[PDB]
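Some notes on the structure that comes next.
Since every read-out is calculated from the coordinates, none of them should be taken as a lab result.
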């Protein structure tokens, strides 16, 4: 039980980060390896890394 | 290291 929503949209400038918009759900699997955490979109099914300051516990 | 941590809109960064 640790889902987080994006409070703001974001456009990954690379192919590693992910891209979404305010209101996108995300499942964080690891966030203790840098200010960026690895989240997986439960709508697209793709996983990547996004700004931890852009997500919060829904 | 410097991360891509984008600036949060709304309150932005002053």
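Could you tell me what percent of the DSSP beta bridges with both partners in chain A are antiparallel, to the nearest 5?
Details: 16 of 17 bridges.
That works out to approximately 95 percent antiparallel.
Tell me the relative contact order for chain A as a rounded percent, counting alpha carbon contacts under 8 Å between residues six or more apart. List each step's numbers first, then the result.
Numbers: 116 pairs, mean separation 21.3, N = 58.
37 percent.
Stretch residue A:3-residue A:42 to full length: gain in nm at 0.36 nm per residue minus the Cα-Cα span?
Here the answer is 13.1 nm.
If you stretched the chain out fully between residue A:33 and residue A:19, how much longer would it get, using 0.36 nm times the residue separation minus the C-alpha to C-alpha distance?
3.0 nm
Could you tell me which of rounded, prolate or oblate describes chain A, using a ≥ b ≥ c as the square roots of the eigenvalues of the alpha-carbon gyration tensor, with rounded for a/c under 1.5 and, failing that, prolate when a/b is larger than b/c and oblate otherwise? Mind dumping the intermediate values first?
Working: a/c = 1.26, a/b = 1.06, b/c = 1.19.
Because its axes are fairly even, with a/c under 1.5, chain A counts as rounded.
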